[PDB]
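Have a look at protein_26.txt below; it lists compact mmCIF, N, CA and C atoms.
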# COMPACT_ATOMS: atom_id res chain seq x y z
N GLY A 510 6.71 -145.01 147.68
CA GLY A 510 7.98 -144.25 147.69
C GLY A 510 7.75 -142.76 147.75
N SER A 511 8.83 -141.98 147.63
CA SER A 511 8.78 -140.52 147.58
C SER A 511 8.48 -139.90 148.96
N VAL A 512 7.75 -140.64 149.80
CA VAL A 512 7.34 -140.14 151.11
C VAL A 512 8.54 -139.72 151.96
N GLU A 513 9.59 -140.53 151.97
CA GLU A 513 10.75 -140.25 152.81
C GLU A 513 11.46 -138.98 152.35
N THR A 514 11.49 -138.76 151.05
CA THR A 514 12.12 -137.59 150.47
C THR A 514 11.24 -136.36 150.67
N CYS A 515 9.96 -136.50 150.36
CA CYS A 515 9.03 -135.39 150.44
C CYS A 515 8.78 -134.98 151.89
N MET A 516 8.78 -135.95 152.79
CA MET A 516 8.57 -135.67 154.21
C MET A 516 9.64 -134.72 154.73
N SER A 517 10.85 -134.85 154.21
CA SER A 517 11.95 -134.00 154.63
C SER A 517 11.74 -132.56 154.13
N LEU A 518 11.44 -132.41 152.85
CA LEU A 518 11.21 -131.09 152.28
C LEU A 518 9.94 -130.46 152.83
N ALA A 519 8.90 -131.26 152.96
CA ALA A 519 7.61 -130.79 153.46
C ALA A 519 7.71 -130.33 154.91
N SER A 520 8.46 -131.07 155.73
CA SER A 520 8.59 -130.70 157.13
C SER A 520 9.34 -129.37 157.27
N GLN A 521 10.33 -129.14 156.42
CA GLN A 521 11.02 -127.85 156.41
C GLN A 521 10.04 -126.73 156.06
N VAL A 522 9.21 -126.97 155.05
CA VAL A 522 8.14 -126.04 154.70
C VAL A 522 7.20 -125.85 155.89
N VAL A 523 6.94 -126.95 156.59
CA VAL A 523 6.10 -126.94 157.77
C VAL A 523 6.68 -126.04 158.86
N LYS A 524 8.00 -126.07 159.03
CA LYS A 524 8.66 -125.19 159.98
C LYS A 524 8.41 -123.73 159.62
N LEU A 525 8.54 -123.40 158.34
CA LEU A 525 8.32 -122.04 157.88
C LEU A 525 6.86 -121.62 158.06
N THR A 526 5.94 -122.48 157.63
CA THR A 526 4.52 -122.16 157.72
C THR A 526 4.08 -122.07 159.18
N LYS A 527 4.70 -122.89 160.04
CA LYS A 527 4.43 -122.85 161.47
C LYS A 527 4.81 -121.50 162.05
N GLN A 528 6.02 -121.05 161.73
CA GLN A 528 6.51 -119.76 162.22
C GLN A 528 5.68 -118.62 161.66
N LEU A 529 5.26 -118.74 160.41
CA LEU A 529 4.40 -117.74 159.79
C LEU A 529 3.09 -117.64 160.55
N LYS A 530 2.51 -118.79 160.86
CA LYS A 530 1.27 -118.84 161.61
C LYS A 530 1.46 -118.28 163.02
N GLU A 531 2.58 -118.63 163.65
CA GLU A 531 2.86 -118.15 165.00
C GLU A 531 3.00 -116.63 165.02
N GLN A 532 3.73 -116.08 164.06
CA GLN A 532 3.87 -114.63 163.96
C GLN A 532 2.51 -113.98 163.73
N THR A 533 1.68 -114.63 162.93
CA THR A 533 0.37 -114.11 162.61
C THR A 533 -0.56 -114.18 163.82
N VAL A 534 -0.61 -115.33 164.49
CA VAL A 534 -1.53 -115.52 165.61
C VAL A 534 -1.24 -114.54 166.75
N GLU A 535 0.03 -114.29 167.04
CA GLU A 535 0.38 -113.34 168.08
C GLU A 535 0.09 -111.91 167.62
N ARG A 536 0.33 -111.64 166.34
CA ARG A 536 0.10 -110.32 165.77
C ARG A 536 -1.39 -110.00 165.71
N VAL A 537 -2.20 -110.96 165.27
CA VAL A 537 -3.64 -110.76 165.20
C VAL A 537 -4.21 -110.60 166.60
N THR A 538 -3.68 -111.39 167.53
CA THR A 538 -4.07 -111.30 168.92
C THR A 538 -3.65 -109.95 169.52
N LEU A 539 -2.48 -109.46 169.12
CA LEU A 539 -2.01 -108.15 169.56
C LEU A 539 -2.94 -107.07 169.01
N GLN A 540 -3.26 -107.17 167.73
CA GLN A 540 -4.20 -106.26 167.10
C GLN A 540 -5.58 -106.40 167.73
N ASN A 541 -5.89 -107.60 168.19
CA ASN A 541 -7.13 -107.86 168.93
C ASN A 541 -7.12 -107.09 170.24
N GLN A 542 -5.98 -107.10 170.92
CA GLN A 542 -5.79 -106.33 172.14
C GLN A 542 -5.90 -104.84 171.83
N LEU A 543 -5.35 -104.45 170.68
CA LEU A 543 -5.44 -103.07 170.23
C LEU A 543 -6.89 -102.73 169.87
N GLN A 544 -7.62 -103.72 169.39
CA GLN A 544 -9.04 -103.57 169.12
C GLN A 544 -9.77 -103.27 170.43
N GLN A 545 -9.44 -104.04 171.46
CA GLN A 545 -9.99 -103.80 172.79
C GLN A 545 -9.57 -102.42 173.28
N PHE A 546 -8.36 -102.02 172.92
CA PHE A 546 -7.81 -100.73 173.30
C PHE A 546 -8.57 -99.60 172.61
N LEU A 547 -8.73 -99.69 171.29
CA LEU A 547 -9.45 -98.68 170.54
C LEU A 547 -10.91 -98.66 170.96
N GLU A 548 -11.45 -99.83 171.27
CA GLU A 548 -12.79 -99.95 171.82
C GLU A 548 -12.90 -99.21 173.14
N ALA A 549 -11.92 -99.40 174.02
CA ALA A 549 -11.89 -98.71 175.30
C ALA A 549 -11.85 -97.20 175.10
N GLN A 550 -11.14 -96.77 174.05
CA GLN A 550 -11.06 -95.36 173.71
C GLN A 550 -12.42 -94.86 173.22
N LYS A 551 -13.02 -95.61 172.31
CA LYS A 551 -14.29 -95.24 171.72
C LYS A 551 -15.41 -95.40 172.74
N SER A 552 -15.16 -96.19 173.77
CA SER A 552 -16.08 -96.31 174.89
C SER A 552 -16.13 -95.01 175.68
N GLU A 553 -15.03 -94.26 175.65
CA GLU A 553 -14.99 -92.95 176.28
C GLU A 553 -15.60 -91.91 175.35
N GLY A 554 -15.36 -92.10 174.05
CA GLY A 554 -15.90 -91.19 173.05
C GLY A 554 -17.41 -91.31 172.91
N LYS A 555 -17.93 -92.51 173.15
CA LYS A 555 -19.37 -92.74 173.09
C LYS A 555 -20.04 -92.25 174.36
N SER A 556 -19.23 -91.85 175.32
CA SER A 556 -19.73 -91.34 176.58
C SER A 556 -19.69 -89.81 176.57
N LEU A 557 -20.45 -89.21 177.47
CA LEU A 557 -20.50 -87.76 177.58
C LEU A 557 -19.95 -87.34 178.93

With the file now loaded, output its structure as structure tokens.
Amino acid sequence: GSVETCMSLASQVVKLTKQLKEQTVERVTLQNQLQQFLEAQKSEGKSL
């Protein structure tokens, strides 16, 4: 028992955690792109 009840509450939590992960994965990836960006900048700074 309990599975049918908990599956409902847990899946709702799953929706939230999914969206949290999605926001994070795109944001970290964006910051990753920014990392490439700052790298590209520092690639000019490391040059003469």

Exercise for review: Have a look at CA of residue 524 (chain A) and atom N of residue 544 (chain A) and let me know their distance in Å, one decimal.
Suggested key: 28.5 Å

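In this structure, atom C of residue 511 (chain A) sits 19.0 Å away from atom N of residue 525 (chain A).
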
Exercise for review: May I ask for the distance between CA of residue 547 (chain A) and CA of residue 535 (chain A), given in Å to one decimal place?
Suggested key: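 According to the coordinates, CA of residue 547 (chain A) and CA of residue 535 (chain A) are separated by 17.8 Å.
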